[PDB]
Amino acid sequence: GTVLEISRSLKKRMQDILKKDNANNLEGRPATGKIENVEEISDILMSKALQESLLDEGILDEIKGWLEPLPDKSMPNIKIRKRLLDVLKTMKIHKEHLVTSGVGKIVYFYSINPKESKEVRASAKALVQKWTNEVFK
Amino acid sequence: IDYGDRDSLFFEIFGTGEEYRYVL
């Protein structure tokens, strides 16, 4: 029904933007899709009514992708890093969501990355500490 | 608590910090 159609549409939108930015990074063309769309998409990802459908449809995979390094090893613009970590903090994420998505692995990297801003590192650390609770029930 | 088993679940989730080391 409608809530699944909405969530699947948003998932595809995030996938398409990621693929295009990654292709453009390899090609040497501007890779501005994430930055141009992050505010809008992040607002939708915050919807409490959409949340469970989004998690059920594997949206953590696309969030992880958007936080991951570009093909040339560079990181996404810090505005993306900050806003997506803010999104993740708001979601009721449980063990099964984390195991299937692996989003913990990129957030873990943010928490230890020496190049990262102190603020983003601290945000990631807090998110790792929150999700560590899912290990202990 | 069996901490060995908790650690194994911790690794399923967070891996071992190696995943993106290539970046540095």
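Only this structure's heavy atoms are used, side chains among them; waters, hydrogens and symmetry mates stay out. Within every chain, numbering begins at 1; the chains are lettered A, B, ... in the order of the sequence lines, protein sequences first and strands thereafter.
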Partner residues of A:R121 under the salt bridge (charged side-chain N to carboxylate O under 4.0 Å, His left out) criterion, sequence neighbours left out:
none
Enter the distance from A:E68:CD to B:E19:CD here, rounded to the nearest 0.5 Å.
10.5 Å
Are A:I112 and B:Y22 connected into the same hydrophobic cluster when the rule is that any two of I, L, V, M, F, W, Y join if their side-chain heavy atoms are below 4.5 Å apart?
yes
So how far is it from A:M75 CE to B:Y20 OH, rounded to the nearest 0.5 Å?
8.5 Å
Are there over 12 heavy-atom neighbours, none belonging to A:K79, within less than 6.0 Å of that residue's NZ?
yes
Between B:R6 and A:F136 (side chain of the first, backbone of the second, donor and acceptor by atom type, cut-off under 3.5 Å), is there such a pair?
no
dist B:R21:CZ -> A:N113:CG (nearest 0.5 Å) comes out at 11.5 Å
Run the numbers on A:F109 and B:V23 for side-chain contact (heavy atoms from CB on, under 4.5 Å), then give the verdict.
CA-CA 10 Å; A:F109 176 66; B:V23 171; 4.0 Å; yes
Take a 6.0 Å sphere around NZ of A:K95 and say whether it holds more than 12 heavy atoms from other residues, nucleotides or ligands.
no
Can you see which heavy atom on B:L24 is nearest to which on A:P114, and at what distance?
CD1-CD, 3.6 Å
I'd like to know if A:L127 and A:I78 are part of one continuous hydrophobic network [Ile/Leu/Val/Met/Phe/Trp/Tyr, side-chain heavy atoms within less than 4.5 Å].
yes
Atom CD1 of B:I13 and atom CD1 of A:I93: how far apart are they, to the nearest 0.5 Å?
11.0 Å
Answer with side chain, backbone, both or neither: which region of A:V128 has an atom nearer than 4.5 Å to a non-hydrogen atom of chain B?
both
Using heavy-atom distances under 4.5 Å, tell me whether A:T132 contacts chain B through its side chain, its backbone, both, or neither.
both
Enclosure of B:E18 CD (heavy-atom neighbours >12, cutoff 6.0 Å):
yes
Using the rule given for side-chain contact (heavy atoms from CB on, under 4.5 Å), can you reason through A:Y108 versus B:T16, listing the C-alpha separation, both sets of side-chain angles and the distance that settles it, and then say yes or no?
CA-CA 9 Å; A:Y108 184 79; B:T16 54; over 6 Å; no
Point-to-point distance, once rounded to the nearest 0.5 Å, from CZ of B:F14 to NZ of A:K105
11.0 Å
